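One chain follows as structure tokens, the form deposited in one PDB entry.
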């Protein structure tokens, strides 16, 4: 269709040879909150849409997120995503829409009824670390900065393998998403990447609940249980790793 928008993210696939099982593994990160929750809090829906449509949004939140919405306390909801990050003007605008959509019409009783009848729960995605380039930043510099910012793993732990680049395209209907991935190979021991997740590093925990080494079986297991398919990126990446090592 008519793409009204292009959004480009650049990421890093960092791989390791696990010496105990001779299995290739890659760093993945698990998200802290669901897309549905984020979309609801930032009002990326239509209050005029039919009931069944708005319920699908609540169905794909986690139970804990729904229990947060059930409190009607927007600031407890907001904290769940933002964690006291100073974004007051965004906050006030999103609160105003929450208030008008759900508090002023009936002091929240339609919202509670929807929240109460939503069924099931969504899933927190596993992803490859990636982000938006800063102004006049090169693609590789973005992938490396983003990797460090999310995982705390610094450049002395890996070597970039520059012959590898993987691009992925997704189409929202108006937004085009471009994801560009470089490949890095671990050259220094790092057996517990999850230990880099601490609340004293606001950029690591901002959107991440877990960092783990994942082998291809796990990548396949995860991919079949979430909407974000990781195999088209990890498969080629591991193929490249195998050729790199076999030389």
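Only residues modelled in both forms are compared. Residue numbers count along the first chain shown, from 1. C-alpha atoms forming the largest set that superposes within 1.5 Å between two forms make up the rigid core.
Unshown form deposited in another entry; subsequent notes refer to it.
- Just one of 63, 43, 205, 49 moves its Cα by 2 Å or more between the shown form and the other one on a rigid core overlay, and this residue is 49.
- The rigid-core alignment places the CA of residue 139 less than 2 Å apart between the shown form and the other one.
- A displacement of 2 angstroms or greater separates the C-alpha positions of residue 175 between the shown form and the other one, with the rigid core held in common.
- Compared with the form shown here, the Cα atoms of residue 172 and residue 90 sit 3 Å or more farther apart in that other deposited form.
- Segments displaced between the shown form and the other one are 49-53, 172-175 (runs of at least 3 consecutive residues, each Cα moved 2 Å or more after rigid core superposition).
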